[PDB]
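One structure below.
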Amino acid sequence: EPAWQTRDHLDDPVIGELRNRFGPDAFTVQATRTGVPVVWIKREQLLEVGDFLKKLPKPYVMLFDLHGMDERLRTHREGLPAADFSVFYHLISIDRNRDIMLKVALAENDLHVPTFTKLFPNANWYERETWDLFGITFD
Amino acid sequence: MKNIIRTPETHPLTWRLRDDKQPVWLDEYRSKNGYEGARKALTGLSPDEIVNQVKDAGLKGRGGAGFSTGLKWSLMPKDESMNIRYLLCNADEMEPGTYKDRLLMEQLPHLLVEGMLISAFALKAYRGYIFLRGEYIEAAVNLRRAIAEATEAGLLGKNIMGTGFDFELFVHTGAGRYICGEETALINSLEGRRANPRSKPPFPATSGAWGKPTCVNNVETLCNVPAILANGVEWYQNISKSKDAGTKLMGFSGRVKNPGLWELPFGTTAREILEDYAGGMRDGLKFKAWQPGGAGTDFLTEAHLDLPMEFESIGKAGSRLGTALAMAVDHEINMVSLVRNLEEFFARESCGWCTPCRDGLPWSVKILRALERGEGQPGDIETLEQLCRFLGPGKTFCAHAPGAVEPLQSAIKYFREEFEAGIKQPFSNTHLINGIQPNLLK
Amino acid sequence: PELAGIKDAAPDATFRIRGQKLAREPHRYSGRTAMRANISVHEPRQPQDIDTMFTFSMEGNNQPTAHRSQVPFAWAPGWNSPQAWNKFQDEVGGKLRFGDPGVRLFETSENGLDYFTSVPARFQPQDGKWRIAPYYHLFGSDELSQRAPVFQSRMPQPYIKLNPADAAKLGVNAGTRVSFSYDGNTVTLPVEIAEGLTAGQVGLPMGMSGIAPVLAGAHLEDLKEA
Amino acid sequence: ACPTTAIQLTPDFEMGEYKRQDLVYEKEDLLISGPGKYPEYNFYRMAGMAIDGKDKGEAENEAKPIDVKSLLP
Amino acid sequence: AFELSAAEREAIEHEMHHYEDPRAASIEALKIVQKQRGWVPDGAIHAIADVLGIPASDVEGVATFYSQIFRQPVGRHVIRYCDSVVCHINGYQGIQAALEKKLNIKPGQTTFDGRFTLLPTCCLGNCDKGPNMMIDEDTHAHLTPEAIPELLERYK
Amino acid sequence: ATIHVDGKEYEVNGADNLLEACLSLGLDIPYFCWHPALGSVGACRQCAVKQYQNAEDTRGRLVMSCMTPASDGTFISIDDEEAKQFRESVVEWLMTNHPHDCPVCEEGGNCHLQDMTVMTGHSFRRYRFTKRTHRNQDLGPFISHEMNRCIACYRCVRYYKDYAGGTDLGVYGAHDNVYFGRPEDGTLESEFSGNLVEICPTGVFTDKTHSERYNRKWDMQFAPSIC
Ligand SMILES: NC(=O)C1=CN([C@@H]2O[C@H](COP(=O)(O)OP(=O)(O)OC[C@H]3O[C@@H](n4cnc5c(N)ncnc54)[C@H](O)[C@@H]3O)[C@@H](O)[C@H]2O)C=CC1
Ligand SMILES: Cc1cc2nc3c(=O)[nH]c(=O)nc-3n(C[C@H](O)[C@H](O)[C@H](O)COP(=O)(O)O)c2cc1C
Ligand code: SF4
Ligand code: SF4
Ligand code: SF4
Ligand code: FES
Ligand code: FES
C-alpha cells in the first residue's frame with residue numbers, strides 16, 4: 001500500500017477508545033491523506049474529549065496545532081458535517097508516536113468555541129490567531 | 001480425390017459449371033434445372049413460409065461471420081405500410097485471399113439472379129441492388145447480360161410468372177474501397193456517400209438504405225438458396241453431418257501445387273483440402289503457417305491443420321473460419337514482412353471514421369517497417385500486443401480493426417522469435433538540447 | 001409600470017455568494033504588476049464597480065456550484081475549454097443551473113385581438129416609379145457592424161438589383177452603373193440581375209452607407225443609365 | 001516555463017537604478033543578439049506551422065503533406 | 001471552364017432514374033466522368049453538384065474517398081498491380097521492380113509520355129492465379145518479371 | 001431509472017445518453033466527438049467505460065458512454081484499470097500525429113484536447129516515427145484554418161452540415177490523410193461558421209478577428225453581456 005493512500009484510520013486504537021468512551025456516534029471519522037486519524041467532534045463534547053485524550057495511559061500531551069478554516073466555499077464535502085467554518089486541533093502523542101486531529105464544525109450565526117487554554121496553555125496564541133484571521137470567537 | 005465428380009446432390013452450387021471456364025447463360029441454365037426454386041417460391045409458397053424454410057434449413061451467412069440468414073429475414077418489420085423494402089447483394093469482395101464470388105459471378109450469373117428473385121419474394125422487396133466492385137468487370141458484363149436475358153424471358157420484371165410480384169434488379173459497380181463490403185458501409189456507399197459504416201443495434205433489417213428495411217447478403221448466401229427451394233430442405237440438412245449445414249466454396253491459395261476453388265461440405269479438414277484438392281506444397285516448401293480465411297483471420301500452425309473447417313471448430317482454436325478460403329505461408333517467407341503487408345493493406349484501405357484503427361494501423365505499419373529494416377527498438381512488440389488488445393471487438397466502431405489485428409496477434413503468439421530478431425538498436429525517442437540535463441532513468 | 005420586471009433579470013449590486021462578489025477575470029490573470037508599467041510603475045487601485053454585482057479583479061466567485069444565474073465565463077479545474085459549460089448546468093445540454101438570466105416580462109393575454117380587416121390591394125407596377133425592396137445583408141445592414149474593420153471585406157459592394165424585364169426596358173446590362181434620384185440626389189450604383197424579383201420593383205441593401213433602413217417600401221424615380 | 005527557451009536568466013546581477021519607472025525593461029532592453037544558455041535549440045524546427053523558410057512537413061520528425069487528391073490509396 | 005457533354009448528362013440522368021436519390025447516383029456520375037475524360041477535374045465536382053442538387057462538398061468527399069476516382073491527371077493506361085498478401089507470396093515485388101525498370105517511374109507517378117500510370121491496388125480478387133495486375137479493365141495473371149515488357153508493349 | 005457507477009448508486013434519466021448522464025452528475029469522462037447539441041457518434045472512441053451485466057461481475061466489456069443508453073440497471077465503471085489505460089491509448093493515438101506548436105497556437109488555454117490529454121494522464125511519448133501534415137485553406141476574414149491540429153472527431157462537419165445546414169464544409173480524403181474543409185479556397189458563406197471556433201476541440205478552426213490582437217483565455221477580462 002502506498003503511503004499517500006486515502007486512509008480512514010479506524011484501526012487506530014485511539015478511535016476505539018473514543019468509541020468506548022463517547023459511544024459509536026457523536027463523532028465522525030474522516031478519511032484523508034493526512035496520515036493521521038481525523039475525527040469531527042461536536043462543540044459541546046470538545047472539552048471532555050480533550051480531557052479524555054489528556055488522561056490516556058499514553059496521553060496526547062502536546063497541542064501541535066490549532067487553527068480555523070472557512071468551509072463556506074468548499075464544494076467537495078462528502079462524509080463531513082454541515083459546517084460554515086471549522087476549527088481543527090492537531091494533537092501529538094510521543095509515547096504512542098502518533099497524532100490525531102479534532103475538527104469542530106461551526107455555523108455563521110454562532111462562531112463560538114469553548115477555549116482550550118485550560119487544557120493546553122499554548123492554545124492562547126493559536127486562539128488569538130484564529131480570532132484575528134477568522135471570525136471565530138473563543139469563550 | 002484425384003478426380004472430382006460434381007453432381008447436383010453433393011455439389012448444389014457448381015454442378016452446372018462448365019469445364020471450359022465459360023459462362024452459363026439462360027438457355028443452358030434452364031436446361032440444367034434452372035429457376036425451379038424460383039417457380040416454387042413464386043407460385044406455391046408464401047413469403048413467410050420461405051423465410052421459415054430458410055431459417056430451419058440453417059443457411060448461415062457465407063460472408064464470413066456465419067450469422068443465420070433466416071434470423072436476418074425474420075427481423076424485417078411486420079408492418080404492411082413499409083412496402084419499400086430492399087435487397088442488396090454484397091458482390092463487392094476486396095479481402096485478400098478471397099475470390100469465391102468471382103467464379104459464381106463470372107460463370108454462373110443466373111444462379112445469383114434466381115437467388116435474388118427468391119430472396120426478394122421472401123422479403124417482399126421491390127428493388128434489388130448487386131453492389132459490385134470496380135475490378136469485377138467481366139462479372140459485371142455477365143450479370144448485366146443475365147439481367148437482360150431474365151427481363152426478356154419474363155423473369156425479373158413485373159407480374160413474374162403471373163404472380164403479381166414486382167421486382168427489378170440493378171448492378172451498382174463500386175468505385176473501389178475495402179470498407180464498402182461491410183453492410184452498413186455498403187448501404188452508405190449505395191446512397192453515394194463516403195462509405196463510413198453505421199452503428200448497431202439500429203440494424204439494416206429495420207432501418208437500412210434510405211431508412212427503409214433492407215437486407216445485405218453475400219453472393220454465396222444468395223446462391224445456396226435456389227438449391228434449397230429447388231431440391232428440398234432435409235436434403236440441404238442431410239448433405240453434411242455437422243451443425244454447420246450446407247456446402248462452402250473452400251480452397252487453399254498461395255504457392256501450392258494446384259491453387260483453386262472447390263465446393264466442399266462443412267467439417268472437411270484443412271489438411272484434406274491442402275493435401276488432396278490443392279495438391280500440397282511444391283517441391284522445396286515446408287508450410288510453416290496458414291490462415292483459415294484469407295487475410296482477415298489469424299495464422300495457425302501445422303497442429304491446427306487437422307481440425308475440420310467449421311465456424312465453431314476453428315473458433316475454439318483461437319481463430320475463426322471467415323470466408324473459408326485458406327491462405328498458405330511457406331518457410332521461405334518472413335512473417336514480419338507478410339504481417340507488414342497485411343497491416344499496410346489494412347491501414348491504407350480502412351475508412352477514416354474512428355480513432356483507434358485510424359491511428360493504430362499506421363503505427364503498426366511503421367513498427368513493422370522498423371522490424372523489417374532491423375531498426376527495431378525495445379518496446380515495440382509490447383506496443384504491438386497492447387495495440388492488438390485495444391483494437392479488439394467493441395473497442396472500435398466496426399469490425400475492420402479486429403480482423404486487421406488478428407494476424408498480428410497470431411504472429412506475436414506463434415512466430416515471436418523473428419519479431420525479437422527485428423529489434424537491434426536501443427530505444428531513442430528524444431534527442432539532446434545540449435543545454436538541458438536529460439531525465440535519464442534507470 | 002409595464003417595465004417593472006427589469007429588476008428581476010439580475011440582483012442588486014449588494015448581492016454576494018457567501019459574502020464575496022463575482023470575478024470578471026480568471027484566477028490565473030497574469031501580469032497585474034506590469035500591465036500598466038509602461039506609463040506608471042506604481043500599480044493603481046483596482047476600479048471600483050459600485051453599479052453591479054461584479055468586481056473588476058479576480059477576487060470574486062466563478063464556481064459552477066454557486067447560487068447564481070449569470071456566469072461571466074465557464075472554467076472548471078480540468079475543463080479549460082468552452083466545454084466547461086456542462087459543469088455549470090444541472091443537466092448538460094439543458095437549462096443552466098439555478099435558472100436562466102433574464103425574465104420574460106410578458107404574460108399572454110386572456111383574450112386576443114380582432115381580425116384586421118385592412119387587406120391591401122395587389123402591387124401594380126407604375127411607369128416612372130419604382131418600389132424599393134429591402135435585402136438586409138447580415139454583415140452590412142447594421143450600423144454598429146459596418147464600423148468594424150473586419151466586416152468591410154465581408155460586406156458586398158454597394159449594388160442595386162433589377163428584374164431582367166426591367167433591365168431590358170431600361171436597356172441596362174448587368175454590372176454597369178445606373179443613376180437614380182432620391183431626395184434630389186442622383187447617385188450611381190452598379191446593377192445586378194435578380195431572377196426571383198418581380199417586375200416594377202427595384203432592390204436595395206438597407207443599412208449600408210447612404211442607404212437608410214427606412215428606405216424600404218418607399219418609391220424611386222429617374223432610373224437612368226449613367 | 002518557456003517552451004521556446006526565449007526568456008533566460010543571465011549570470012549578470014549588476015542592476016540598480018535611480019528611478020523605479022526606469023526599472024521597467026522594455027523589449028529593446030531584454031532581447032540580446034545571440035543564443036544564451038541554450039545555444040542550439042530552435043522551437044520552430046519542432047512546430048508544424050507554415051514558416052518563412054519552412055514549408056509544411058519540414059520540421060523534425062514530420063512527414064511531407066500527402067495531397068487529399070493523391071492517386072495512392 | 002468545365003462543361004458536361006450531352007452523353008455524360010444523359011448517362012447521369014439515366015443513373016439518377018435507377019435510385020431513390022441523385023446522391024446515390026453521385027458515385028456513378030463520377031465514374032462516368034472518369035471513364036469519359038480519364039480523370040475527374042475540379043469543375044466536374046461543381047458540375048455533378050449542379051446536375052444532382054447535392055452540395056459540391058459531398059461530391060468532393062465522394063471523389064476523394066474512393067480509391068479509383070482519380071482527381072489528378074493520369075496517363076492513357078493505368079497499370080494497377082496487386083499489393084496484397086497472396087500476390088506477395090507468389091511475388092509481386094519482382095514484377096513491380098520490372099515495371100519500375102521498364103517505365104522509369106515510381107508508384108503514384110505517370111510516365112513523361114502520358115501513357116502509363118503505375119498504381120497499387122487493394123486486391124484484384126484473383127488470388128489463386130499467381131501475381132495479378134490490371135491495365136485498362138484488362139486483368140493479367142500468372143505474372144513473371146520477364147513477361148512485363150511483352151505485356152506492356154501491346155497497349156497504346 | 002438508476003445506474004451504478006463505480007459501485008455507487010445514481011438516479012439519472014433513462015431516455016438520455018450515458019455520457020451525458022454521467023457528465024450531469026459531475027463525473028469526468030473524456031470525450032471528443034460528442035456534443036450536447038449535435039447528438040452522439042463514434043468518430044472518436046474516447047468515452048469508453050467498462051459495462052457489466054449484473055452486480056457481481058469481474059470481466060466487463062469496454063463500451064462507449066455516448067453510445068450506451070442510460071437505462072435502468074446498468075453497472076458501469078469509469079476509473080478502473082482497463083478503461084483508463086484504453087482512454088490513455090486513444091489520446092496517445094490522437095496525439096501520435098499532432099504538431100508541436102501549442103505555444104504558437106490560438107487555442108492554448110481554451111483547447112479541449114489539452115484538457116482531455118491531462119485528464120487521461122498521458123505525458124510520456126513512445127511514438128518515435130514521423131507525423132502527419134496537411135495544407136491549410138483560406139476560409140475568409142473570420143475563420144483561420146490549421147488542419148494539422150485536427151484529431152478527426154467529425155464535430156465540425158456534423159455541426160456545419162446537419163445542424164447549421166451549410167454546404168461549404170465537408171470531409172475529404174481517406175484512412176489517415178483525412179481532411180475537413182471546403183473543396184476550394186473561399187469564404188464560408190454560412191451565417192453560423194463562427195461557431196466552428198468553439199465547436200472544434202482543437203486549433204483547426206480559430207477566430208481570425210481574435211488571431212489579430214491575440215491573448216490567452218486566462219488573460220481575458222470577461223463579462224456577461226447581450227449582443
Ligand atoms: N470479403 C469478405 O467476405 C470479408 C468478410 N469479412 C467478415 O465479416 C465479418 C464481420 O462482419 P460484421 O457485419 O461486422 O459482423 P457481424 O457478425 O456483427 O454481422 C454479420 C451479419 O450478422 C447480422 N447480425 C448479427 N447480429 C444481429 C442481430 N442481433 N440482429 C440482426 N442482424 C444481426 C448483421 O446484420 C450482418 O448481416 C467477419 O466474420 C469477417 O470474416 C470481413 C472482411 C471481408
Ligand atoms: C470491414 C468489413 C468488410 C467487409 N467486407 C465484406 C465483403 O467484402 N464481402 C462480403 O460479403 N461481406 C463483407 N463484410 C461482412 C458484412 O458486414 C456482412 O456480414 C455481409 O455483407 C453479409 O452477411 P451474410 O454473411 O449474412 O450474407 C465485411 C465486414 C466488415 C466489418
Ligand atoms: S475500425 Fe473505424 S476507422 Fe477503421 S474501417 Fe472501421 S469505422 Fe473505419
Ligand atoms: S477540424 Fe476540429 S471539429 Fe473538425 S474533425 Fe478535426 S478536430 Fe474535430
Ligand atoms: S489545438 Fe493542438 S496545437 Fe493547439 S493547443 Fe490544442 S493540442 Fe496544442
Ligand atoms: S492477393 Fe492479389 S489477386 Fe488477391
Ligand atoms: S464521445 Fe463517445 S465515442 Fe466519442
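Going through the C-alpha cells in order, the chains are called A, B, and so on, while each chain numbers its residues from 1 and the ligands are numbered from 1 in the order shown.
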Any residue with an atom at most 7 Å from ligand 3 counts, using only C-alpha atoms and all ligand atoms. Which are they? Put them as a PyMOL selection string.
(chain B and resi 179+196-197+350-358+396-401) or (chain F and resi 175)
Can you spit out the residues from that selection as a CSV table (one decimal), in the first residue's frame, using C-alpha atoms?
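Full text of out05.csv as output:
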```csv
chain,number,residue,atom,x,y,z
B,179,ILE,CA,-14.6,-0.8,-46.3
B,196,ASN,CA,-18.3,5.0,-43.4
B,197,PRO,CA,-20.2,2.2,-41.6
B,350,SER,CA,-9.6,1.5,-43.8
B,351,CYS,CA,-12.1,4.3,-43.7
B,352,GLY,CA,-11.4,7.5,-41.7
B,353,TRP,CA,-14.2,7.4,-39.2
B,354,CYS,CA,-13.0,6.2,-35.8
B,355,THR,CA,-9.8,6.8,-33.8
B,356,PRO,CA,-8.1,3.5,-32.9
B,357,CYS,CA,-8.0,1.9,-36.3
B,358,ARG,CA,-7.0,5.2,-38.0
B,396,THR,CA,-13.6,0.2,-32.5
B,397,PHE,CA,-16.6,1.4,-34.5
B,398,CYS,CA,-16.7,-1.5,-36.9
B,399,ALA,CA,-15.1,-5.0,-37.3
B,400,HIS,CA,-12.3,-3.9,-39.7
B,401,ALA,CA,-9.7,-3.4,-36.9
F,175,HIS,CA,-8.0,6.5,-43.8
```
List as a count of residues only the protein and nucleic acid residues lying within 8 Å of ligand 2, with only C-alpha atoms and all ligand atoms counted.
39
Do a neighbour search on region 19-29 of chain D at 12 Å with only C-alpha atoms, toss out local chain neighbours closer than 5 positions, and write the hits as an MDAnalysis selection string.
(chainID C and resid 33:43) or (chainID D and resid 7)
Selection within 9 Å of ligand 4 by only C-alpha atoms and all ligand atoms, output as JSON, numbers by chain:
{"F": [32, 33, 43, 113, 145, 146, 147, 148, 149, 150, 151, 152, 153, 154, 155, 156, 157, 158, 159, 171, 179, 180, 181, 196, 197, 198, 199, 200, 201, 202, 203, 204, 205]}
Grab me every residue within 10 Å of ligand 7, counting only C-alpha atoms and all ligand atoms, and send it over as number ranges by chain.
B: 354-355, 395-397; F: 17-20, 29-35, 39-49, 63-68, 153-155
Enumerate, in order of chain and increasing residue number, the residues of chain F with an atom no farther than 7 Å from ligand 5, each with its shortest atom pair and distance in Å to one decimal, counting only C-alpha atoms and all ligand atoms, as a Markdown table.
```
| residue | atom | partner | partner_atom_place_in_ligand_line | distance |
| --- | --- | --- | --- | --- |
| F:98 | CA | ligand 5 | 2 (Fe) | 6.4 |
| F:99 | CA | ligand 5 | 3 (S) | 5.9 |
| F:100 | CA | ligand 5 | 3 (S) | 6.2 |
| F:101 | CA | ligand 5 | 3 (S) | 4.8 |
| F:102 | CA | ligand 5 | 8 (Fe) | 3.7 |
| F:105 | CA | ligand 5 | 4 (Fe) | 4.7 |
| F:106 | CA | ligand 5 | 4 (Fe) | 6.5 |
| F:107 | CA | ligand 5 | 5 (S) | 5.0 |
| F:108 | CA | ligand 5 | 5 (S) | 4.2 |
| F:111 | CA | ligand 5 | 6 (Fe) | 4.8 |
| F:112 | CA | ligand 5 | 6 (Fe) | 6.8 |
| F:113 | CA | ligand 5 | 7 (S) | 5.2 |
| F:114 | CA | ligand 5 | 7 (S) | 5.3 |
| F:149 | CA | ligand 5 | 2 (Fe) | 4.7 |
| F:202 | CA | ligand 5 | 1 (S) | 3.6 |
| F:203 | CA | ligand 5 | 1 (S) | 3.6 |
| F:204 | CA | ligand 5 | 1 (S) | 6.6 |
```
Please save N, CA, C and O atoms of the selected residues as a CSV table (one decimal), in the first residue's frame.
```csv
chain,number,residue,atom,x,y,z
F,98,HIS,N,0.4,15.0,-34.1
F,98,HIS,CA,-0.2,16.3,-33.7
F,98,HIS,C,1.0,17.2,-33.6
F,98,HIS,O,2.1,16.8,-33.1
F,99,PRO,N,0.9,18.4,-34.2
F,99,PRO,CA,2.1,19.3,-34.3
F,99,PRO,C,2.5,19.8,-33.0
F,99,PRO,O,1.6,20.1,-32.1
F,100,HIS,N,3.8,20.0,-32.8
F,100,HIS,CA,4.4,20.5,-31.5
F,100,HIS,C,4.4,22.0,-31.6
F,100,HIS,O,5.4,22.7,-31.6
F,101,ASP,N,3.2,22.6,-31.6
F,101,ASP,CA,3.0,24.1,-31.7
F,101,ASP,C,1.9,24.6,-30.8
F,101,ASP,O,1.2,25.5,-31.2
F,102,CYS,N,1.8,24.1,-29.6
F,102,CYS,CA,0.9,24.6,-28.6
F,102,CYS,C,1.1,26.0,-28.2
F,102,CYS,O,0.2,26.8,-28.1
F,105,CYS,N,-0.1,28.4,-30.8
F,105,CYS,CA,-1.5,28.0,-31.2
F,105,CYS,C,-2.5,29.0,-30.7
F,105,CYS,O,-2.2,29.7,-29.6
F,106,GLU,N,-3.6,29.2,-31.4
F,106,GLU,CA,-4.6,30.1,-31.0
F,106,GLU,C,-5.4,29.6,-29.8
F,106,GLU,O,-6.0,30.4,-29.0
F,107,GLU,N,-5.6,28.3,-29.6
F,107,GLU,CA,-6.4,27.8,-28.6
F,107,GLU,C,-5.7,27.9,-27.2
F,107,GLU,O,-6.2,28.7,-26.4
F,108,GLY,N,-4.6,27.3,-27.0
F,108,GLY,CA,-3.8,27.4,-25.8
F,108,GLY,C,-4.5,26.9,-24.6
F,108,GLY,O,-4.7,25.7,-24.4
F,111,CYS,N,-8.2,25.0,-25.2
F,111,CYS,CA,-8.2,23.8,-26.0
F,111,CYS,C,-8.7,22.6,-25.2
F,111,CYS,O,-8.3,22.4,-24.1
F,112,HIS,N,-9.7,21.9,-25.8
F,112,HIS,CA,-10.2,20.7,-25.2
F,112,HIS,C,-9.3,19.5,-25.3
F,112,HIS,O,-9.3,18.7,-24.4
F,113,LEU,N,-8.5,19.4,-26.3
F,113,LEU,CA,-7.5,18.3,-26.4
F,113,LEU,C,-6.5,18.4,-25.3
F,113,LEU,O,-6.0,17.3,-24.8
F,114,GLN,N,-6.1,19.6,-24.9
F,114,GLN,CA,-5.1,19.7,-23.8
F,114,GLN,C,-5.8,19.2,-22.5
F,114,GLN,O,-5.1,18.5,-21.7
F,149,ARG,N,-3.7,20.4,-36.7
F,149,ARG,CA,-4.1,20.2,-35.3
F,149,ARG,C,-5.3,19.3,-35.2
F,149,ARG,O,-5.7,18.9,-34.1
F,202,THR,N,-10.0,21.4,-31.2
F,202,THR,CA,-8.6,21.7,-31.5
F,202,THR,C,-8.5,23.1,-32.1
F,202,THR,O,-9.4,23.8,-32.2
F,203,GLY,N,-7.3,23.4,-32.6
F,203,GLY,CA,-7.0,24.7,-33.1
F,203,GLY,C,-7.1,24.8,-34.6
F,203,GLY,O,-6.5,25.6,-35.3
F,204,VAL,N,-8.0,23.9,-35.2
F,204,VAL,CA,-8.1,24.0,-36.7
F,204,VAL,C,-8.9,25.2,-37.1
F,204,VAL,O,-8.4,26.1,-37.8
```
CA of residue 88 (chain C) to CA of residue 70 (chain F) measures 21.3 Å
DSSP on the backbone: what in region 37-281 of chain B comes out helix (DSSP H, G or I), as a VMD selection string?
chain B and resid 37 to 44 47 to 57 69 to 74 100 to 106 109 to 123 138 to 152 160 to 162 178 to 181 183 to 190 209 to 211 219 to 231 234 to 237 270 to 277
The selected residues should be written to file as a CSV table (one decimal), in the first residue's frame (atoms: C-alpha atoms).
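What landed in out.csv:
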```
chain,number,residue,atom,x,y,z
B,37,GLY,CA,-36.8,-23.0,-57.0
B,38,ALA,CA,-37.9,-19.6,-58.2
B,39,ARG,CA,-41.0,-21.2,-59.7
B,40,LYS,CA,-41.9,-23.0,-56.4
B,41,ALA,CA,-41.2,-19.9,-54.4
B,42,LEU,CA,-43.2,-17.5,-56.6
B,43,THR,CA,-46.1,-19.9,-57.1
B,44,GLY,CA,-46.7,-22.3,-54.3
B,47,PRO,CA,-43.0,-15.4,-48.3
B,48,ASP,CA,-43.2,-16.1,-44.6
B,49,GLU,CA,-43.1,-19.8,-45.5
B,50,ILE,CA,-39.9,-19.3,-47.5
B,51,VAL,CA,-38.4,-17.3,-44.6
B,52,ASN,CA,-39.2,-20.1,-42.1
B,53,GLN,CA,-37.9,-22.6,-44.7
B,54,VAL,CA,-34.5,-20.9,-45.0
B,55,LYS,CA,-34.5,-20.5,-41.2
B,56,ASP,CA,-35.0,-24.2,-40.4
B,57,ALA,CA,-32.7,-25.1,-43.4
B,69,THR,CA,-30.0,-15.7,-42.7
B,70,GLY,CA,-33.4,-16.9,-41.5
B,71,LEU,CA,-33.0,-14.7,-38.4
B,72,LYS,CA,-32.0,-11.8,-40.7
B,73,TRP,CA,-35.0,-12.3,-42.9
B,74,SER,CA,-37.3,-12.8,-39.8
B,100,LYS,CA,-15.1,-17.1,-54.0
B,101,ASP,CA,-17.7,-14.8,-55.6
B,102,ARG,CA,-15.7,-14.1,-58.8
B,103,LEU,CA,-16.4,-17.7,-60.0
B,104,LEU,CA,-20.1,-17.6,-59.3
B,105,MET,CA,-20.4,-14.1,-60.8
B,106,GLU,CA,-18.4,-14.7,-64.0
B,109,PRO,CA,-24.8,-15.3,-63.1
B,110,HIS,CA,-28.4,-16.7,-63.4
B,111,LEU,CA,-27.9,-18.6,-60.2
B,112,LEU,CA,-27.4,-15.3,-58.4
B,113,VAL,CA,-30.3,-13.8,-60.3
B,114,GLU,CA,-32.6,-16.6,-59.2
B,115,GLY,CA,-31.4,-16.4,-55.6
B,116,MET,CA,-32.1,-12.6,-55.6
B,117,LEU,CA,-35.5,-13.4,-57.1
B,118,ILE,CA,-36.3,-15.9,-54.3
B,119,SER,CA,-35.0,-13.7,-51.5
B,120,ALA,CA,-36.8,-10.6,-52.8
B,121,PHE,CA,-40.1,-12.5,-52.9
B,122,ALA,CA,-39.4,-13.9,-49.4
B,123,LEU,CA,-38.7,-10.4,-48.1
B,138,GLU,CA,-16.3,-9.4,-66.8
B,139,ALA,CA,-18.6,-10.3,-63.8
B,140,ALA,CA,-20.4,-7.0,-64.3
B,141,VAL,CA,-20.9,-7.8,-68.0
B,142,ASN,CA,-22.1,-11.3,-67.3
B,143,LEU,CA,-24.5,-10.1,-64.6
B,144,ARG,CA,-25.9,-7.3,-66.9
B,145,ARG,CA,-26.4,-9.8,-69.7
B,146,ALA,CA,-28.1,-12.3,-67.3
B,147,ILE,CA,-30.4,-9.5,-66.1
B,148,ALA,CA,-31.3,-8.5,-69.7
B,149,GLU,CA,-32.0,-12.2,-70.6
B,150,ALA,CA,-34.1,-12.6,-67.5
B,151,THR,CA,-36.2,-9.5,-68.1
B,152,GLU,CA,-36.5,-10.6,-71.8
B,160,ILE,CA,-43.4,-12.6,-62.6
B,161,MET,CA,-45.0,-15.9,-63.7
B,162,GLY,CA,-48.4,-14.4,-63.2
B,178,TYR,CA,-12.3,-2.2,-49.0
B,179,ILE,CA,-14.6,-0.8,-46.3
B,180,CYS,CA,-17.5,-0.9,-48.8
B,181,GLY,CA,-18.0,-4.6,-48.2
B,183,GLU,CA,-23.2,-4.0,-44.9
B,184,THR,CA,-23.8,-0.6,-43.3
B,185,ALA,CA,-20.9,0.9,-45.3
B,186,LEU,CA,-22.4,-0.9,-48.3
B,187,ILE,CA,-25.6,1.0,-47.6
B,188,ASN,CA,-23.8,4.3,-47.2
B,189,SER,CA,-21.9,3.7,-50.5
B,190,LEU,CA,-25.1,2.7,-52.3
B,209,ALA,CA,-30.9,2.1,-47.1
B,210,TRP,CA,-32.8,5.4,-47.2
B,211,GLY,CA,-34.4,4.5,-43.9
B,219,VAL,CA,-23.2,-13.9,-53.3
B,220,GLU,CA,-22.7,-17.4,-51.8
B,221,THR,CA,-25.6,-16.8,-49.4
B,222,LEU,CA,-27.9,-15.9,-52.2
B,223,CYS,CA,-26.6,-18.7,-54.3
B,224,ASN,CA,-27.2,-21.5,-51.9
B,225,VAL,CA,-31.0,-20.7,-51.6
B,226,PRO,CA,-32.2,-21.7,-55.1
B,227,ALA,CA,-30.8,-25.2,-54.3
B,228,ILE,CA,-32.8,-25.2,-51.1
B,229,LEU,CA,-36.1,-24.2,-52.8
B,230,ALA,CA,-35.4,-26.4,-55.9
B,231,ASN,CA,-34.2,-29.7,-54.3
B,234,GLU,CA,-34.0,-32.0,-45.4
B,235,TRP,CA,-31.8,-32.7,-48.4
B,236,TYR,CA,-29.9,-29.5,-47.6
B,237,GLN,CA,-29.6,-30.5,-43.9
B,270,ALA,CA,-8.0,-28.2,-44.0
B,271,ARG,CA,-5.3,-30.9,-44.3
B,272,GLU,CA,-7.6,-32.9,-46.6
B,273,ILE,CA,-8.2,-29.8,-48.8
B,274,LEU,CA,-4.5,-28.9,-48.9
B,275,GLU,CA,-3.1,-32.4,-49.5
B,276,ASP,CA,-5.8,-33.6,-51.8
B,277,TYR,CA,-7.5,-30.7,-53.7
```
Which chain E residues are at most 10 Å from chain F (counting only C-alpha atoms), as a VMD selection string?
chain E and resid 42 45 to 46 54 to 67
Sorted by chain and rising residue number, list the residues of chain D at most 9 Å from region 108-122 of chain E (counting only C-alpha atoms), each with its closest atom pair and distance in Å to one decimal, as CSV.
```
residue,atom,partner,partner_atom,distance
D:70,CA,E:108,CA,7.9
D:71,CA,E:108,CA,5.8
D:72,CA,E:108,CA,5.6
D:73,CA,E:120,CA,7.7
```
With only C-alpha atoms as the atoms that count, which of B:175, B:321, B:391, B:381 lies nearest to chain E?
B:175
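One finds CA of residue 408 (chain B) at 7.7 Å from CA of residue 384 (chain B).
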Find the spatial neighbours of residue 376 (chain B), counting only C-alpha atoms, within a cut-off of 10 Å - ignore same-chain residues fewer than 4 positions away - and output them as a VMD selection string.
chain B and resid 367 to 372 380 to 381 419 to 427
